[PDB]
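Colleague: Once you've had a glance at the structure underneath, I'll fire off some questions.
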Amino acid sequence: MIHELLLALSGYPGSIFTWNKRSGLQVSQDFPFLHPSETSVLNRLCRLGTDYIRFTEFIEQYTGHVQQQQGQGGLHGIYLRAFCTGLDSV
Amino acid sequence: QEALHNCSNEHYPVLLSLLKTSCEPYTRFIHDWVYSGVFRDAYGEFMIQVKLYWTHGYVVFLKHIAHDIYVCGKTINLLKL
Amino acid sequence: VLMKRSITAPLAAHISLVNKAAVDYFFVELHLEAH
Amino acid sequence: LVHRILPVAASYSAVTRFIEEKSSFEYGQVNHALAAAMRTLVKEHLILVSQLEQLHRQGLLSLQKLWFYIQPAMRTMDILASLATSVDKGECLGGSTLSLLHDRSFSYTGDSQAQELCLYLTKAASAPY
């Protein structure tokens, strides 16, 4: 629960925080070791690691992936690659 | 061209170190036939090569001086003989 | 900007010297000017 | 890598046999001096390989270093073995094998590593003529 949370937030989902691509990271939410008081906190915590995984996936997808030739601003472009470059350091 | 393609990314220094040594042998080819009249080629990576002595054949690089090396080397090569 | 012109500069200054001395060699020695 | 070092050995056996057979006193005057001057370059090779011997006894050699050390003598022995094969192959004699040595000395003019070899050979081989 301790390391597994850091694993899930870091970009390494376990089988505690079950990664879906239609609901991001979501905690199991059906077991007797999470209670309604804890439930809101867990849901609040899942979203940040979801954002982190999507950010890293975007950066690896769009920097250093072509040998340059194509005209596109959503899939390609030096400025998009520069966005990934700034985004990782932030 | 791969240099200017990634002239700003993190693969700019790595490819710079690659290009710095991949142009090393060809410049050494040039510095023989221009200054000593000794024609150096290795595998056919040098396009220029050498009856009244002007029936010899011909076969990024700036094309303004490509044709000039062909006479600049043959002159020095004839003064050797 | 990456360019190989910076290394063209210590070579191109000598090509013209070779070719102009070659042109002089015809006239003052083999008398192309007389022909 | 031992197989890569063997061409200098075949360009050493073929070299030494030619130096005995063409020193005999029934060929031309130029061929005797030609072989007797190739003897000098073989003696130079011997003097090089023995300093390599003292370096090996001090534990300061390896096979990639050995292949690197014998390359300048490899090129000389290559040119010499090719010339030896050519001179025996055509039943060559007289002064027509002083044109061959004149041609070899004329071929290199700017290298000065290989030019000096063939020029020295034409120097010693033209003395009886």
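Cβ placement follows ideal geometry from the backbone for every residue including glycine, while neighbour counts extend to all protein chains displayed. Each reported figure results from applying straightforward, stated rules to the coordinates on display, with no laboratory input.
Colleague: Please work out which residue is farthest from the chain's Cα centre (by Cα), limiting yourself to region A:69-86 and to residues that are within 13 Å of chain B (Cβ to nearest Cβ) and polar (S, T, N, Q).
Modeller: Among those that are within 13 Å of chain B (Cβ to nearest Cβ) and polar (S, T, N, Q), it is A:69.
Colleague: Run down D:20, D:26 and say which single residue is farther than 30 Å from residue B:35 by Cα, assigned to a loop (DSSP other than H, G, I, E, B) and among the charged types (D, E, K, R).
Modeller: The match here is D:26.
Colleague: Could I ask something else about it? Quick check, is residue B:43 surrounded by 14 or more Cβ atoms within 10 Å (Cβ to Cβ), more than 14 Å from chain A (Cβ to nearest Cβ), out of contact with any strand residue (DSSP E or B) (no Cβ under 7 Å at 6 or more places or on another chain) and aromatic (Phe, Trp, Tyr)?
Modeller: no
Colleague: Among the residues of region B:12-35, is any facing another protein chain (nearest Cβ under 7 Å), over 12 Å from the mean Cα position of the chain (by Cα) and over 30 Å from residue A:59 (Cβ atoms)?
Modeller: So far as region B:12-35 goes, no, none of its residues is facing another protein chain (nearest Cβ under 7 Å), over 12 Å from the mean Cα position of the chain (by Cα) and over 30 Å from residue A:59 (Cβ atoms).
Colleague: Hey, among D:96, D:62, D:23, which residue is over 21 Å from residue D:122 (Cα atoms) and hydroxyl-bearing (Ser, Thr, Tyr)?
Modeller: Result: D:62 is the single residue among D:96, D:62, D:23 that is over 21 Å from residue D:122 (Cα atoms) and hydroxyl-bearing (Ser, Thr, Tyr).
Colleague: Scan region A:17-37 for residues that are within 16 Å of residue A:48 (Cα to Cα) and either outside any loop (DSSP other than H, G, I, E, B) or not small (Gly, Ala, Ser) (or both) and jot them down.
Modeller: A:17, A:18, A:19, A:20, A:21, A:22, A:25, A:26, A:27, listed by residue number.
Colleague: Step by step: first the residues of region B:46-70, then only those that are over 11 Å from the mean Cα position of the chain (by Cα) and surrounded by 14 or more Cβ atoms within 10 Å (Cβ to Cβ), then the one that is farthest from residue C:21 (Cα to Cα). Which residue is that?
Modeller: B:50
Colleague: Turning to a different aspect of this structure: Of everything in region A:1-16, what is surrounded by 14 or more Cβ atoms within 10 Å (Cβ to Cβ) and part of a helix (DSSP H, G or I)? Give them in sequence order.
Modeller: Result: A:4, A:5, A:7, A:8, A:9.
Colleague: Inside region B:51-81, can you point out the residues that are part of a helix (DSSP H, G or I) and over 30 Å from residue D:102 (Cβ atoms)?
Modeller: Result: B:66, B:67, B:68, B:69.
Colleague: Moving on to the next point. One residue is enough: does region A:16-35 have a residue meeting the conditions touching a helix residue (DSSP H, G or I) at 6+ places or on another chain (Cβ under 9 Å), within 14 Å of another protein chain (Cβ to nearest Cβ) and not polar (S, T, N, Q)?
Modeller: no
Colleague: Is there any pair with a first residue in region D:109-129 that is closer than 23 Å to residue D:29 by Cα and more than 14 Å from chain B (Cβ to nearest Cβ) and a second that is outside any helix (DSSP H, G or I) and not charged (D, E, K, R) whose Cβ atoms are under 7 Å apart and which are 6 or more apart or on different chains, and what are they?
Modeller: The qualifying pairs are D:118/D:108; D:129/D:95.
Colleague: Has region A:44-60 got at least one residue that is outside any helix (DSSP H, G or I) and either surrounded by 14 or more Cβ atoms within 10 Å (Cβ to Cβ) or of a type in the set (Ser, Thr, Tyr) (or both)?
Modeller: No.
Colleague: While we're looking at this one, here's another question. Would you confirm whether or not region A:48-65 contains a residue that is more than 17 Å from the chain's Cα centre (by Cα), more than 30 Å from residue A:3 (Cβ to Cβ) and either more than 14 Å from chain B (Cβ to nearest Cβ) or not acidic (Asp, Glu) (or both)?
Modeller: yes
Colleague: Could I ask something else about it? Take the residues of region D:93-108 that are surrounded by fewer than 17 Cβ atoms within 10 Å (Cβ to Cβ) and away from chain B (no Cβ under 14 Å): which is nearest to residue B:76 (Cα to Cα)?
Modeller: D:99
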